[PDB]
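Novice: In the deposited numbering, the protein residues as written are 0 to 112.
Just so it is clear, CB atoms sit at the ideal spot from N, CA and C, and this is done for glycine as well.
Before anything else, here's the structure in question.
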């Protein structure tokens, strides 16, 4: 088993270990870095919030992005708990949104953004 994989690995090893750099540690790398910042946040949100929840989040950002910022942040926290076996549905996002509407997410812990 995995013979084709380990075979391909030898070829890929030459490719991977080579490490194609672009020469400079700037410009594209800066945008790349910033993209990775978003990517990590976007990926967890896209996996935790299903399509429906994203669409609702988008419309929420349309009406008042202030709270969007709070719930986006909140979902990042919730995702960091690794408790998302299931998708957060629209109703779930709305339940969260309800408690965060004024301000109820500032827990006594230093949470990241």
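Would residue 74 and residue 44 qualify as a contact pair, given that the criterion is a beta-carbon distance under 8 Å?
Specialist: Locating residue 74 in the chain shown gives position 75, where the first residue counts as 1. Locating residue 44 in the chain shown gives position 45, where the first residue counts as 1. Contact annotation: residue 74 and residue 44 have beta-carbon atoms nearer than 8 Å.
Novice: Under 8 Å between the Cβ atoms of residue 98 and residue 76?
Specialist: Reading the chain shown from its first residue, position 99 is the one you call residue 98. Reading the chain shown from its first residue, position 77 is the one you call residue 76. Result no, Cβ atoms of residue 98 and residue 76 do not sit closer than 8 Å.
Novice: Below 8 Å on the Cβ atoms is my guess for residue 86 versus residue 48; work out the distance and round it to an integer in Å.
Specialist: By one-based count along the chain shown, residue 86 stands at place 87. By one-based count along the chain shown, residue 48 stands at place 49. Indeed they touch by this definition, with Cβ atoms about 7 Å apart.
Novice: Which residues bound the alpha helix (DSSP H) around residue 58?
Specialist: Numbered from 1 along the chain shown, position 59 holds the residue referred to as residue 58. 50-62 is the extent of the alpha helix (DSSP H) around residue 58.
Novice: Distance check for residue 41 and residue 12, CA to CA, integer angstroms please.
Specialist: Taking the chain shown and counting its residues from 1, the one referred to as residue 12 is at position 13. Taking the chain shown and counting its residues from 1, the one referred to as residue 41 is at position 42. C-alpha separation (whole angstroms): 30 Å.
Novice: According to DSSP, is residue 99 helix, strand or coil?
Specialist: Residue 99 sits at position 100 when you count from the first residue of the chain shown. Helix.
Novice: According to the Cβ coordinates, are residue 61 and residue 92 closer than 8 Å?
Specialist: Numbered from 1 along the chain shown, position 62 holds the residue referred to as residue 61. Numbered from 1 along the chain shown, position 93 holds the residue referred to as residue 92. No, these two residues do not count as a Cβ contact at 8 Å.
Novice: Report the rounded CA-to-CA distance for residue 105 versus residue 69, giving the unit in angstroms.
Specialist: As a position in the chain shown, residue 105 is number 106, starting the count at 1. As a position in the chain shown, residue 69 is number 70, starting the count at 1. Using only the alpha carbons, I get a separation of about 10 Å.
Novice: The alpha helix (DSSP H) that contains residue 41, what's its start and end?
Specialist: In the chain shown, counting from the first residue as 1, residue 41 sits at position 42. Its alpha helix (DSSP H) spans residues 27-47.
Novice: One question on the structure: do residue 94 and residue 51 come within less than 8 Å of each other, judged by their Cβ atoms?
Specialist: Locating residue 94 in the chain shown gives position 95, counting from the first residue. Locating residue 51 in the chain shown gives position 52, counting from the first residue. At the C-beta level, residue 94 and residue 51 stay beyond 8 Å of one another.
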